[PDB]
There are 2 protein chains.
Amino acid sequence: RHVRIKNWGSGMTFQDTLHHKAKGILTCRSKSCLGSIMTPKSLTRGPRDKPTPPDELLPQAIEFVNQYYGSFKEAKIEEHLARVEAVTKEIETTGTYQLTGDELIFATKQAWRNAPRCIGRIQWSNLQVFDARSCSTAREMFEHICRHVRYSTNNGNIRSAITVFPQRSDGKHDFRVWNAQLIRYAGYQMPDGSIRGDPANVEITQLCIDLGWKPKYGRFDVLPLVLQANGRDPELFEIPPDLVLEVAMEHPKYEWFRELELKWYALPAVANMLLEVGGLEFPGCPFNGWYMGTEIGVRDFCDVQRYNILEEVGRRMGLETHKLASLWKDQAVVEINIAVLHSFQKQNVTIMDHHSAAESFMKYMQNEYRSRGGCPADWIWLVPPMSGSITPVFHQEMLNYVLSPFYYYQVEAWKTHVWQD
Amino acid sequence: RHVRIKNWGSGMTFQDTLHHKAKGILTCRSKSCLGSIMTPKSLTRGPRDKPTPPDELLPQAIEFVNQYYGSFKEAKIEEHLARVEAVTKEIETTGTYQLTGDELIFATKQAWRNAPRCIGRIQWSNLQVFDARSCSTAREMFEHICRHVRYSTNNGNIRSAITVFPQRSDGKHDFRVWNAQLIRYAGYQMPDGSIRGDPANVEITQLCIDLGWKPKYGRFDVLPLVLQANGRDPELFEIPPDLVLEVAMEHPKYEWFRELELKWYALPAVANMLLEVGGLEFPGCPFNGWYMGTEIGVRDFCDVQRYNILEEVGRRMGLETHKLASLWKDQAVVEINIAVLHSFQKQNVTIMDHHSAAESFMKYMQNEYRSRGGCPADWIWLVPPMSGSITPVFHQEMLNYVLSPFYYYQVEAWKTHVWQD
Ligand code: HEC
Ligand code: HEC
Ligand SMILES: C[C@@H](O)[C@@H](O)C1CNc2nc(N)[nH]c(=O)c2N1
Ligand SMILES: C[C@@H](O)[C@@H](O)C1CNc2nc(N)[nH]c(=O)c2N1
Ligand SMILES: [Zn+2]
């Protein structure tokens, strides 16, 4: 029938039925729940070296069309019918189909709306879709990315956009961006072992170096794009510096914060995910929104496996960093997340705080149930990395599940890539 | 056959094989994860009006005996085997069996060990077992409870202990405590519609008033113990005042914090849970450990559905509480907690901070994997309510599964209790 979920903070309740249309791909069983695995194969869509069998594609193609037309306020039977018929015929002779513009626009938004780990989904209906499905070379890919980057940065007043590259055909002619994000910092392996910059990008930074990129050994060096057109070997392109907007970190109270000399790019763009829609697979679809303080001030800067700066910021504040009991870490993280939120506003760049963020999610979630009796959500990913229960999401029971369209993970390209040269 | 989980913060990895011995009672399926439902039926063991059938009990009885005996440094072949015959004949002639003193102790410490939601499991070895299975009256329960409260408080040097009342027989003579904790403040529904005290307890506070208790309409009024002996109607017993060690809240720097007139008890003791062991169910097993700061500072004080003191302290600090983006709520929560952890240390009462607790769990978790190659863990409860990404458990992948012995949830007595008067 349906499972009920409650909100212990508000007392509000929802009846989720949408979950019945989910895809039986999760790994949890009545014996054990595996909801805390970060990158599960269950949420990953691997590579193929052979087209998707037309037969298997047909059921899915029909399913999407149905959903597409099932979405209209006022039905359009003829078109709906005609399309089901029209698409059945195309897959028969062609062995695959093409999405109309409106369909691609619809698919990218629903896929976003169907993103369990995203808290910004309130915007799910405001997305700029760049149709680059006719692209054919690495250089083009680059120029499209630059166009996307310019539109989204919008001089600081950031906007959500996505550029969809050619869909997967036989799986051997994949168009993919190798970096995890369009804009991200290098990570250098020093001669003494220590890492320089963002330790999370060592593997990728080395690949650029091996491919001819010149290392500068900086703390905040912008990695070049490692593009792959038509399954060819990846080529390097460097995003033009003026296109990459950054923000310098400063605390409104602590005069010394700027001496730490930190900064960060303003545009957060996921570049390596795979868009799945009606049986089609677009391994090339970089998208973006705007930042949420916590992502930078807590994760990027304070994760031990990253810039790990809590130590120093504790020293500067002169807190008793010798004993945890004093909660110096908690105090520091706060000042660090206030710096990011302040700095960004001071430079007039769009950013959001976890409070406002969590708050808009609730309105969104309430609408999702009021519209389709469902909203797939992954608690572990939605609740902010600090002040967790201060935000209303921490008290929201939720169900996680995969739908369609959907944004899947992909296996690192350099792990499965056979080098032609 | 196993599941690899890792810690993205340290890179350490474990292989879990213990989840295979778990009970298939979870509700997660391949089509949807429900790991975030707070008080699920899966984790609850409700009432019944007939005794546990022997055909279903025997297996479980034996399985426990094997498990208990398989926990010895050196096997006790004869004892182990003889014990199985005894339980069988016993279950065969009376339709049930009695555990021994050592088996009971084993069961409780083991149950604690399998509590996925307890972050303080590193202490499972140190537990005091008060045998009250020969109990037979509400006043006798009251006495046992006061005995427990005294041994545990130990004048500030808290000690973990558990009291076990009679095991369940036919299911109509249940020995249980209706409250959720041996110590807990009342919730008064005022006439203006507001709530005085702990709003989390409006229902039990009323049931008390309905049972002759006199309301003092205070802000921290210790509630009486509603005791159900031998399935009879409940009866109130007031825990002797000052047999209730409490802590007054003071902030090391903010001298105005005292003026808030806040305090909390020092003994955290769950009372309304059921202990399942070898097929036997013990509906009355109150036990306690010692508070972890956040329990009081983050949740008890700041949850809007609780004392909700977040704004009032925000105005005291002068923080711009009208702009979420200023992170004023985050400023508050930290100080409130700084306070909580400070007070306890001041009156010399055992308290543990969320950082040190996490640090120890990681230690326990490695031990548990080396040892039993498993560790049922519920991520959603282990990550602290404030400063998540700062603790190691936040980047720790884990598996949540139900083993045996086990501490289950029960249906609030008053909803199912058939009154006599
Ligand atoms: C409107 C601005 C906006 C905000 C704010 C926003 N998102 Fe998301 N978002 C995702 C996906 C997919 C994930 C999950 C990322 C992952 O698993 O690595 C995500 C994750 C996140 C996360 C968690 C990331 C982490 O690593 O902790 C935050 C925070 C977030 N989004 C904020 C697709 C989108 C899309 C795609 C059309 C858009 C537009 C989008 N998101 C727009 C936004
Ligand atoms: C005899 C069993 C037992 C002992 C002893 C015990 N715990 Fe637990 N603990 C539990 C169980 C069961 C739960 C889950 C409670 C629930 O789901 O309501 C729990 C939950 C918790 C929680 C989270 C619950 C919440 O409501 O936020 C914390 C924090 C905790 N324990 C700390 C400790 C500490 C610190 C100690 C002392 C070393 C301790 N525990 C000793 C059984 C125990
Ligand atoms: C323990 C593991 O699941 C972990 O790395 C998590 C949990 N929740 C998260 N939630 C978000 N939004 N982003 C993350 O990277 C993570 N990582
Ligand atoms: C499930 C969610 O909606 C929520 O109520 C949570 C999450 N984590 C928790 N963790 C602990 N330790 N105690 C709780 O009561 C909760 N509640
Ligand atoms: Zn699950």
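Residues numbered from 1 in each chain as written, not as in the entry; some residues may be left out. Chains lettered and ligands numbered in written order. Heavy atoms only, no water. Residues with missing side-chain atoms left out of burial classes, pairs and counts.

### With respect to the overall build of chain A
Test applied: Counting from the N terminus, the helices are DSSP H or I runs at least four residues long and the strands are E runs at least two residues long. Here the globule rule reads 2.2 Å times residues to the power 0.38, and the radius of gyration is calculated from C-alpha atoms. We call two residues contacting when some pair of their heavy atoms lies within 4.5 Å.
Helices and strands together make up the secondary structure of chain A, namely 11 helices and 18 strands. Since a compact globule built from 421 residues should have a radius of gyration of about 22 Å, the 23 Å found for chain A is in line with a globular shape. Seen through its principal axes, chain A has C-alpha atoms that stretch 70 × 60 × 45 Å. A fraction of 70% describes how many contacts in chain A between residues 6 or more apart in sequence connect residues 24 or more apart.

### A closer look at the interface of chain B and chain A
Filter applied, for reference: Think of a salt bridge as a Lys or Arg side-chain nitrogen and an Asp or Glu carboxyl oxygen that are within 4 Å of each other. Polar contact is the term for a pair of N or O atoms within 3.5 Å; when the atoms are in protein, one must be able to donate a hydrogen and the other to accept it, and sequence-neighboring residues count only if both atoms are side-chain atoms.
Contact with chain B, which involves 64 residues of that partner, is made by 63 residues of chain A. Summed over the shared surface of chain B and chain A, the number is 0 salt bridges. Counting the contacts that link chain B with chain A gives 26 residue pairs in polar contact. Among the secondary structure elements, those contributing two or more residues to the side of chain B that touches chain A are β1 (3-6), α6 (293-302), α8 (328-346), α9 (354-372) and α10 (379-382) of chain B.

### Focus on the relation of the copies chain B and chain A
Just so we agree on the cut-off: A least-squares superposition on the C-alpha atoms brings the copies onto one another.
Under the fitted operation, chain B is carried onto chain A by 0.0 Å of movement along the axis and a turn of 179°, and the coordinates agree to an RMSD of 0.4 Å. Both copies are brought into coincidence by an operation consistent with a two-fold rotation axis. When you check the interface residues of chain B against chain A, 97% turn up at the interface there too, and the contact is symmetric in its surfaces.

### Let's talk about empty space enclosed by the protein
Note the cut-off: Space inside and on the surface of the protein is sampled on a 1 Å grid over the protein atoms alone, with a cavity defined as a set of points where a 1.4 Å probe fits but cannot get out and a pocket as an open set with protein on both sides within 12 Å along at least 5 of 7 lines; lining residues have an atom within 4 Å of a point. Grid points are joined across faces, edges and corners, and a volume is the space filled by probe spheres set on the points. Three classes are used, and their members are as follows: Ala, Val, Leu, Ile, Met, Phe, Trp, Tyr, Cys and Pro are nonpolar, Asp, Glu, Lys and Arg are charged, and the others, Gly among them, are polar.
Of the voids in this model, the largest cavity is the one considered here, and its volume is about 130 Å³. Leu26(B), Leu34(B), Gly35(B), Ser42(B) and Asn400(B) are, among the 15 residues lining the largest cavity, the residues nearest its centre. A volume near 100 Å³ is recorded for the second largest cavity. Taken together, 14 residues form the lining of the second largest cavity, with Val383(A), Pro384(A), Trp379(B), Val383(B) and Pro384(B) sitting closest to its centre. Elements represented by at least two residues in the lining of the second largest cavity include exactly α10 (379-382) of chain A together with α10 of chain B. A per-class count over the lining of the second largest cavity returns 12 nonpolar, 2 polar and no charged.

### Considerations on helix α6 (residues 293-300) of chain A
Residues and elements named next belong to chain A. Heads up, the rule is: Only protein chains enter the calculation, and the probe is 1.4 Å; a residue is then buried if its accessible area is under 20% of its type maximum, exposed if over 50%, and partly exposed in between.
With 6 of 8 residues buried, α6 lies mostly within the body of the structure. Within α6 the residues assigned to the buried category are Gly293, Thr294, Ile296, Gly297, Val298 and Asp300. Buried residues in α6 make contact with β11 (263-265), β16 (291-292), α8 (328-346), β17 (351-352) and α9 (354-372).

### Concerning the nonpolar core
This is how the line gets drawn: Nonpolar cores are built from buried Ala, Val, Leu, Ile, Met, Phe, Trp, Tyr and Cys residues. Side-chain atoms within 4.5 Å join them into one set.
Of all hydrophobic cores here, the largest spans 131 residues; its most connected members are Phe361(A), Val393(A), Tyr407(A), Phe361(B) and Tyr407(B). With residues up to four places along the chain from it excluded, the contact list for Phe361(A) reads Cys118(A), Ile119(A), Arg121(A), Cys375(A), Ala377(A), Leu382(A), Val393(A) and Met398(A). Formed by 121 residues, the second largest nonpolar core is a distinct cluster that contains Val149(A), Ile309(A), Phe142(B) and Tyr291(B).

### Comments concerning the pairing of strand β1 (residues 3-6) of chain A
Residue and element names in this part refer to chain A. Selection rule: Strands are treated as partners if at least two bridges between them are detected by DSSP.
In β1, alternate side chains face the same way, and those of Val3 and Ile5 are buried while those of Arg4 and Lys6 on the opposite face are not. Of the strand pairs in this sheet, β1 and strand β2 (residues 13-16) are connected by 4 bridges, and their pairing is antiparallel. Its bridge partner being in β2, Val3 is matched across the sheet by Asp16. Where β1 folds back onto β2 in an antiparallel hairpin, the turn is made up of 6 residues, including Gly11, whose phi is positive at roughly 90°.

### Observations concerning the coordination of the zinc ion (ligand 5)
Applied cut-off: Counted as coordinating are nitrogen, oxygen and sulfur atoms within 2.8 Å of the metal, or 3.2 Å for Na, K and Ca, while water is not included, which may make sites look incomplete. Square planar and octahedral sites, with four and six donors, are those where opposite donors lie more than 155 degrees apart and all other angles lie between 65 and 115, tetrahedral sites have four donors with every angle between 85 and 135 degrees, and the rest are irregular.
Binding of the zinc ion (ligand 5) to the protein goes through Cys28(A) (SG), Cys33(A) (SG), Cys28(B) (SG) and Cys33(B) (SG), at separations of 2.2 to 2.4 Å. Coordination geometry of the zinc ion (ligand 5): the 4 donor atoms subtend angles of 99 to 120° at the metal centre, consistent with an arrangement described as tetrahedral. Like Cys28(A), the residue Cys33(A) is buried in the burial classification.

### Focus on the site of ligand 2
Residue and element names in this part refer to chain B. Formally: We define proximity as follows: a residue is near a molecule or strand when any one of its heavy atoms falls within 4 Å of that partner. Throughout, the edges of the domains are those of an automatic or database domain assignment.
Around ligand 2, 18 residues are found, and the nearest of them are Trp112, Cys118, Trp290, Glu295 and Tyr409. For the shell around ligand 2, a count of residues per class yields 11 nonpolar, 5 polar and 2 charged. Structurally, the shell around ligand 2 is a two-domain feature, drawing no fewer than three residues from each of domain 1 (16-133 + 160-170 + 274-288 + 358-382) and domain 3 (246-268 + 291-356).

### A look at the pattern of salt bridges
Residues and elements named next belong to chain A. The final tally for this structure, using the stated rule, is 36 salt bridges over all chains. Between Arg117 and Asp378 there is a salt bridge, with the nearest N and O atoms lying 3.0 Å from each other. Residue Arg117 is found in the loop between α3 (101-113) and β3 (128-131), and its partner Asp378 is found in the loop between α9 and α10; the two are separated by 261 residues along the sequence. The same class applies to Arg117 as to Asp378, namely buried.

### Here we look at the sheet that holds strand β5 (residues 176-177) of chain A
All names here are of chain A. Put simply, the rule is: Note on definitions: angles span 0 to 180 degrees between N-to-C directions of axes, and those axes are lines fitted to C-alpha atoms, for helices only across the stretch in contact.
One open sheet holds the 3 strands; their spatial order is β5-β8-β9, and the pairing between them is antiparallel. The open sheet is flanked by β5 and β9 (235-237), the only strands paired with a single partner. Relative to strand β8 (residues 225-228), β5 runs antiparallel, the two sharing 2 bridges. Bridging across to β8, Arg176 finds its partner in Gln228. Lying over the sheet, helix α4 (residues 138-153) contacts β5, β8 and β9, oriented at roughly 130° with respect to β8.

### Examining α8(A)
All names here are of chain A. So the rule is basically this: One fewer than the residue count of a helix, multiplied by 1.5 Å, yields its expected span.
In this model, α8 (19 residues) spans 27 Å end to end at C-alpha, consistent with the 27 Å of a helix rising 1.5 Å per residue. With 15 of 19 residues buried, α8 is to be regarded as a mostly interior element. Of the residues trailing α8, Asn348 is marked for its positive phi of about 55°.

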